[PDB]
Amino acid sequence: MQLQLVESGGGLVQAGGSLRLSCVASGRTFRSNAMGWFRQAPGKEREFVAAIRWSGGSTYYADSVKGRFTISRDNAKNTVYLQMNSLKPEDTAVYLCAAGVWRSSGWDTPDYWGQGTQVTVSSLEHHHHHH
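Start counting the sequence shown at 33; every next residue gets the next number (the working numbering).
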């Protein structure tokens, strides 16, 4: 059972608004003891935002986003939440989730990564889309 991370919630928010990501793992499947959340950009590799493991606390965030950015694991339906409150206009990038198992050395190994959900934080602006 390989971790296939299906991410959703990707859209445009304004700078100071809240955006929640949800990553459903293979519909409803488990094999990930070590998970994460990373940001990716054109030319820039995935940078550590957060990490969630099997119990122990499972919580990480940057100083510049202290407390506003929060994470949760809901393994009952196998969905991982990234609740980012008050996003900066420079969070216009493609976020992805991480998955994998723990190393016996005590090191954290992201074996899998997400499909890449594009989050676009506009500077206090929005976009209309007619059908």
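Just so you know, even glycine gets a beta-carbon here, dropped at the ideal spot from N, CA and C.
Cutoff 7 Å; reference residue i; Cβ partners in own chain excluding five residues on either side
{"i": "residue 102", "result": "115"}
Residue i versus residue j - alpha carbon distance
{"i": "residue 51", "j": "residue 75", "result": "24 Å"}
{"i": "residue 158", "j": "residue 78", "result": "26 Å"}
{"i": "residue 43", "j": "residue 126", "result": "10 Å"}
{"i": "residue 161", "j": "residue 124", "result": "19 Å"}
{"i": "residue 173", "j": "residue 84", "result": "In the structure as shown, the chain begins at 33 and stops at 163. Residue 173 is therefore absent and cannot be evaluated."}
Residue i: CB within 7 Å of a non-hydrogen atom of the ligand MN
{"i": "residue 145", "result": "Questions concerning the ligand MN fall outside what the structure shown contains, since it holds no ligand whatsoever."}
8 Å contact criterion, which residue i and residue j should meet: CB distance rounded
{"i": "residue 63", "j": "residue 35", "result": "6 Å"}
{"i": "residue 47", "j": "residue 156", "result": "6 Å"}
Neighbourhood of residue i by C-beta, 6 Å cutoff - its chain only, sequence neighbours within 5 removed
{"i": "residue 40", "result": "54"}
With three or more C-beta pairs closer than 8 Å as the rule, is the region 49–63 touching the region 105–113? Here the region 105–113 lies against the region 49–63, with 3 or more beta-carbon pairs under 8 Å apart.
With contact counted as at least three CB pairs below 8 Å, one residue from each stretch, are the region 69–76 and the region 132–139 in contact? no
Determine, using beta-carbon pairs with one atom in the region 80–97 and one in the region 145–158, whether at least three such pairs fall under 8 Å. no
I'd like the ranges of any beta strand (DSSP E) spanning at least 3 consecutive residues and lying wholly in the region 51–118. Within the region 51–118, the complete beta strand (DSSP E) runs of at least 3 residues fall at 51–57, 66–73, 76–85, 101–106, 111–116.
Please specify which runs of the beta strand (DSSP E), each continuous and at least 3 residues long, are wholly inside the region 123–162, giving them in chain order. Fully enclosed beta strand (DSSP E) runs of 3 or longer: 125–131, 149–154.
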